[PDB]
Amino acid sequence: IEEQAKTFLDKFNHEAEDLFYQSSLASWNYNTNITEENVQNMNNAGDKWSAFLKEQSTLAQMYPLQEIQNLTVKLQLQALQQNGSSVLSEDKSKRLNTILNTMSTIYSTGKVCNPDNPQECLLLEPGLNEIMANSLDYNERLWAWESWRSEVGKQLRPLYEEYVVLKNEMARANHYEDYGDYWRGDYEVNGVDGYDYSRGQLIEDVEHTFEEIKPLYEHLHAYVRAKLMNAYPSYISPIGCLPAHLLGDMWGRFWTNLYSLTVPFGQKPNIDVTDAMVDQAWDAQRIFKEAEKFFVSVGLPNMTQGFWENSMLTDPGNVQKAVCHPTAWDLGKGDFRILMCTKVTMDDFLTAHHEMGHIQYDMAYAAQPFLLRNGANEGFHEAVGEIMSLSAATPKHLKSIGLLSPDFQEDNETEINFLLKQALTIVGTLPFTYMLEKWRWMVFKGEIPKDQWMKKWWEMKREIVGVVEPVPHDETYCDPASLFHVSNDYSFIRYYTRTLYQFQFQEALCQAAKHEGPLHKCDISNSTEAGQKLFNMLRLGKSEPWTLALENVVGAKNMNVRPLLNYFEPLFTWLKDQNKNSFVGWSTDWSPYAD
Amino acid sequence: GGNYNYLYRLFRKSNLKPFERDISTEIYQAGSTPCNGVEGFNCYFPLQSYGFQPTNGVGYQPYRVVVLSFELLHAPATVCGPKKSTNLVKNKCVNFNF
Ligand SMILES: *[C@@H]1O[C@H](CO)[C@@H](O[C@@H]2O[C@H](CO)[C@@H](O)[C@H](O)[C@H]2NC(C)=O)[C@H](O)[C@H]1NC(C)=O
Ligand SMILES: *[C@@H]1O[C@H](CO)[C@@H](O[C@@H]2O[C@H](CO)[C@@H](O)[C@H](O)[C@H]2NC(C)=O)[C@H](O)[C@H]1NC(C)=O
Ligand SMILES: *[C@@H]1O[C@H](CO)[C@@H](O[C@@H]2O[C@H](CO)[C@@H](O)[C@H](O)[C@H]2NC(C)=O)[C@H](O)[C@H]1NC(C)=O
Ligand SMILES: *[C@@H]1O[C@H](CO)[C@@H](O[C@@H]2O[C@H](CO)[C@@H](O)[C@H](O)[C@H]2NC(C)=O)[C@H](O)[C@H]1NC(C)=O
Ligand SMILES: *[C@@H]1O[C@H](CO)[C@@H](O[C@@H]2O[C@H](CO)[C@@H](O)[C@H](O)[C@H]2NC(C)=O)[C@H](O)[C@H]1NC(C)=O
Ligand SMILES: *[C@@H]1O[C@H](CO)[C@@H](O)[C@H](O)[C@H]1NC(C)=O
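First to last, the sequence lines map onto chains D and A.
Residue numbering for the first sequence follows the deposited numbering, beginning at 21 and increasing consecutively.
Residue numbering for the second sequence follows the deposited numbering, beginning at 446 and increasing consecutively.
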């Protein structure tokens, strides 16, 4: 009966909040002060949380799921009843964890040695990522691109084939058709009177939104190709694809390292307020106190006053071994801490606004039950953090926060320099993200057999992304598995939808703050009505369907690409005038070796 | 490490009458199945403990409460406020209260 499930969850909601607390408090003491008497302090305290949750999970199947009427207590029950693994045979369950540990340690400890000196050998993160991000030598970028895929990616090919079979068995025992349908279960919504969403409906909404970005991406692809021919003459065709090893990093995920070759007006400095911070003696604490004044300006609460003692805003005065990585912690019981090692720079002035945005999202849904204290889907949590960073990087906000000469002149040449640096990171990553999840979805359902994995991968690079390989690759390579998110078992569609939600939030908040100009000049400071539009979504958590959360801000029930294109229309107008003598589009027949 | 000595009751058959008190420790029975004094599904111990810890956000830290309740049965009198005694100004027509 349904009233027994309510009494089940309230014993759960008070044993979990304490056991999650000290399992996360011990993870704080390891992260900010590393010993090994802290790693053993967090492994036993971490396993008491994991052993407790599988005990309550096997108690949750005593209650049926379709004999429930209240939507909230049904949502908590389905998130706890989830079997996930453990549906496999107990010798297949240990084979899967052996593969996931072997693929993870090949990626982090794989070395590449030089053919002129076999005694010098580079790892990926120090040394191989620096060549792909800084070099202008064609022959050295071609060496680092091919040798990472032929010496490390060939080890992951027999391991990734066994990984697909075991993950499809686990997904079909949980009544999905494949493992790709299991990943799309985040966006599913069942029976809330007009707000429903199918797991197959996500596939059409991604492909419908993508064919409206292809006019903008084609003009960006044509402008970068014309600028790369001056940097690498006799290597690039003026009507063809771009070679895969000249894109700024190892995989071509972000084009953000191509800015020094593709800058529109290099005689205008892109605005940088780092010298005005060290001329006014701003400490470590000023960067967060101006960040807290931004959020109280819009109508959001202060920091919790436990935030100021418990947090560790710099690396300590001790030479203290403590993972230095910006992050926002939500230990529980209303205890919010930020861990970062901040330097006096406009870079960490902006990520301070980003990391505080995770905190203000966390402080808002802290009145829901324990199992609904996440973002409404996997994409909302990063998207609310980046609309705080866009509003703080504008020169309108910088001159009113005291950091820009009240006699500063923004010219139309510097807005093109700023918008093109945004499009190399935002627009340049959207066909990479769409192509990769489309390839992984077709591998799991079996539309691509294993004798055509690397054949269909490079046909989709030339057609969707416009990127050609420099050396042909047969079915002994596995080039997707040489990325971190593929070999470490992560979903990748959250980076596509976060980019679309980010400009839907920003365009909906700037109509409430009564903006008049272009969308990229907007700032939501001093408003109250925009914050009330934002706070009505922030407090929902997972208690409502995410389509119901979007109408509280945007006014629509689906993700939309038209606010993303309105942000880049000053660039799209300027790009169509720079490509009057160029060719827009590419040919899938040209190759850098096929002459 | 958590002060686990401060408990509260989280299951009862029926809400309390005003100023009523209940220190029993019988195993609660949520479902219809009888409990027979042992724990299990739908048979819960009725007391939980605040695990208080010094690094808790406000609203999670312990507050001490005192409830004063003045009652007036039908006696002849009892305790009350203090008093303010003025001064004696002898040698002048005065308005006095002794
Ligand atoms: C890292 O934290 C641990 C524990 O928080 C520190 O180790 C000991 O902590 C106790 C407190 O319970 C002290 O009485 C001991 O003196 C600490 N050990 C030592 C060797 O000092 C540890 O000190 C912290 N790390 C550093 C570098 O201070
Ligand atoms: C079941 O649904 C009802 C409404 O559909 C929820 O009722 C609300 O409960 C809160 C506190 O529990 C009250 O403050 C509200 O006034 C109630 N609303 C109404 C309309 O009466 C109820 O909370 C849900 N059950 C659970 C366990 O959350
Ligand atoms: C979870 O996996 C189990 C198999 O281990 C599935 O079958 C359940 O088996 C248990 C006994 O171990 C029964 O109590 C359940 O009734 C069975 N399933 C149900 C509730 O029909 C079970 O179907 C899986 N649960 C999910 C999430 O589908
Ligand atoms: C920035 O604004 C100036 C001012 O309008 C633009 O200069 C004009 O450019 C057009 C097209 O080349 C000419 O027909 C006008 O005669 C120019 N104006 C003047 C006063 O000379 C300039 O092109 C703009 N730059 C960008 C990048 O948009
Ligand atoms: C936006 O908010 C800021 C912060 O309160 C306002 O800045 C104040 O501006 C006045 C006059 O411009 C100064 O006298 C104050 O010293 C400023 N306050 C601070 C804390 O620096 C700003 O005026 C607001 N914008 C509008 C349009 O009202
Ligand atoms: C936030 O804190 C400041 C001082 O730190 C205070 O003046 C302000 O009133 C606080 N905000 C609210 C809503 O009380």
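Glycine included, every Cβ here is placed at the ideal spot set by N, Cα and C.
Residues that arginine 357 of chain D bridges to, as DSSP identifies them:
Paired residues: D:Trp349.
Whole runs of the beta strand (DSSP E) within the stretch 542 to 612 of chain D, excluding any shorter than 3 residues:
Along the stretch 542 to 612 of chain D, the beta strand (DSSP E) does not occur as any fully enclosed run of 3 or more residues.
Beta-bridge partners of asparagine 448 of chain A, as assigned by DSSP:
DSSP output for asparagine 448 of chain A lists A:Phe497 as bridge partner(s).
In chain D, which residues lie less than 8 Å from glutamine 474 of chain A when you measure between Cβ atoms?
What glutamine 474 of chain A touches in chain D: nothing, since even the nearest Cβ is about 10 Å away.
Report the residue from D:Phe438, D:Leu73, D:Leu186 and D:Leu95 whose alpha carbon sits nearest the alpha carbon of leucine 39 of chain D.
The shortest Cα separation from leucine 39 of chain D among D:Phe438, D:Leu73, D:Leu186 and D:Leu95 belongs to D:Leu73.
Do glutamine 506 of chain A and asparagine 487 of chain A have their C-beta atoms closer together than 8 Å?
No; because the gap between Cβ atoms is not below 8 Å, this pair is not in contact.
If the cut-off is 8 Å on Cβ atoms, which residues from the stretch 485 to 512 of chain A count as contacting chain D, listed in chain order?
Residues passing the 8 Å Cβ filter: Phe486, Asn487, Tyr489, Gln493, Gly496, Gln498, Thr500, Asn501, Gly502, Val503, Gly504 and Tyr505.
Taking its Cβ as the centre, do 16 or more other Cβ atoms sit within 10 Å of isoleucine 407 of chain D, making it buried, or is it exposed?
Classification for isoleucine 407 of chain D: buried.
Could you check how far apart the C-beta atoms of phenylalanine 490 of chain A and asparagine 448 of chain A are, in whole angstroms? I think they sit under 8 Å.
Going by Cβ atoms, the distance from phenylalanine 490 of chain A to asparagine 448 of chain A rounds to 19 Å, so no, they are not a contact pair.
Extent of the continuous alpha helix (DSSP H) to which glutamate 181 of chain D belongs:
Counted as a single uninterrupted DSSP element, the alpha helix (DSSP H) harbouring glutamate 181 of chain D occupies residues 177 to 192.
Sequence-distant residues of the same chain with beta carbon closer than 6 Å to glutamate 433 of chain D, five excluded per side
The beta carbon of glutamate 433 of chain D lies closer than 6 Å to those of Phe285 and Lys288 in the same chain, with the five residues before and after it left out.
From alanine 304 of chain D to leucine 143 of chain D, what distance separates their C-alpha atoms?
C-alpha separation (whole angstroms): 34 Å.
Quick one: does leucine 455 of chain A have its CB under 8 Å from some CB of chain D?
With 8 Å as the cut-off, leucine 455 of chain A counts as an interface residue toward chain D.
Do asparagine 546 of chain D and ligand 5 come close, with the Cβ less than 7 Å from some heavy atom?
Checking the Cβ of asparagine 546 of chain D against ligand 5 gives yes.
Chain A contact residues for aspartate 38 of chain D, given Cβ-Cβ distances below 7 Å
Within chain A, the residues near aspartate 38 of chain D are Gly496.
Which residue from D:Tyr202, D:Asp225 and D:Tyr180 puts its Cα closest to that of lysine 470 of chain D?
Per the Cα distances, D:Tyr180.
Could you tell me whether any Cβ in chain A is nearer than 8 Å to the Cβ of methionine 62 of chain D?
The beta carbon of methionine 62 of chain D does not come within 8 Å of any beta carbon belonging to chain A, so the residue lies off that interface.
Excluding the 5 residues flanking residue 677 of chain D on each side, which residues of the same chain have their C-beta closer than 8 Å to its C-beta?
The shown model of chain D, from 21 to 615, leaves out residue 677 of chain D, and the question about it has no answer.
Output yes or no for whether 8 Å exceeds the beta carbon distance between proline 415 of chain D and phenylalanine 428 of chain D.
Cβ atoms of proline 415 of chain D and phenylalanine 428 of chain D: closer than 8 Å.
Buried or exposed, going by whether 16 or more other CB atoms sit within 10 Å of the CB of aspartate 609 of chain D?
By the Cβ neighbour-count rule, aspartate 609 of chain D is exposed, with fewer than 16 other Cβ atoms within 10 Å of its own.
Contacts around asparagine 290 of chain D, its chain only, beta-carbon distance under 6 Å, and the 5 residues preceding and following it disregarded:
Cβ neighbours of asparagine 290 of chain D beyond the five flanking positions: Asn437.
Say the cut is 7 Å; is the CB of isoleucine 513 of chain D nearer than that to a heavy atom of ligand 4?
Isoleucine 513 of chain D: no, Cβ never under 7 Å from ligand 4.
The alpha helix (DSSP H) that contains residue 618 of chain D, what's its start and end?
Residue 618 of chain D falls outside the range modelled here, since chain D spans only 21 to 615, and no answer is possible.
Terminal residues of the alpha helix (DSSP H) in which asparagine 134 of chain D lies
Here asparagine 134 of chain D belongs to no alpha helix (DSSP H), and DSSP marks it neither H nor E.
Would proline 583 of chain D and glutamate 536 of chain D be called neighbours here (beta carbons separated by less than 8 Å)?
Using a Cβ distance threshold of 8 Å, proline 583 of chain D and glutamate 536 of chain D do not count as a contacting pair.
Among residues of its own chain, excluding the 5 on either side of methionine 579 of chain D, which ones have a beta-carbon nearer than 8 Å to its beta-carbon?
Here the set comprises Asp225, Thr229, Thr517, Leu520, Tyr521, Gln524 and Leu570.
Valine 485 of chain D and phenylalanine 452 of chain D - do their beta-carbons sit closer together than 8 Å?
Yes, the pair counts as a contact, with Cβ atoms nearer than the cut-off.
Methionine 323 of chain D and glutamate 312 of chain D look like a contact to me (Cβ under 8 Å); what is the Cβ gap, rounded to whole Å?
Their Cβ separation, rounded to whole angstroms, is 6 Å, which keeps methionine 323 of chain D and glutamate 312 of chain D in contact under 8 Å.
Which residues count as close to ligand 2 when the rule is a CB under 6 Å from any of its heavy atoms, in chain order?
Those residues that have a beta carbon less than 6 Å away from any non-hydrogen atom of ligand 2 are, in order along the chain, D:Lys26, D:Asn90, D:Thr92 and D:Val93.
Check whether the Cβ of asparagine 103 of chain D lies closer than 7 Å to any heavy atom of ligand 3, and answer yes or no.
Using a cutoff of 7 Å, the CB of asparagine 103 of chain D counts as near ligand 3, since one of the ligand's heavy atoms is closer than that.
Considering just the uninterrupted stretch of the alpha helix (DSSP H) at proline 426 of chain D, what are its terminal residues?
Segment: none, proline 426 of chain D is in no alpha helix (DSSP H) and carries neither H nor E.
Cβ shell of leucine 503 of chain D (< 7 Å), same chain only, five flanking positions each side left out
Closer than 7 Å at the Cβ level, and outside the excluded window around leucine 503 of chain D, lie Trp271.
Within the same chain, show all residues whose beta-carbon is closer than 7 Å to that of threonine 334 of chain D, passing over the 5 residues directly before and after it, in chain order.
The answer, listed in chain order, is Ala304, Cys361 and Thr362.
Using a cut-off of 8 Å between C-beta atoms, extract the partners of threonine 27 of chain D located in chain A.
Correct list: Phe456, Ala475, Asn487 and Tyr489.
Test item: CB-CB of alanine 348 of chain D and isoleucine 358 of chain D under 8 Å:
In contact: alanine 348 of chain D and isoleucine 358 of chain D (Cβ atoms closer than 8 Å).
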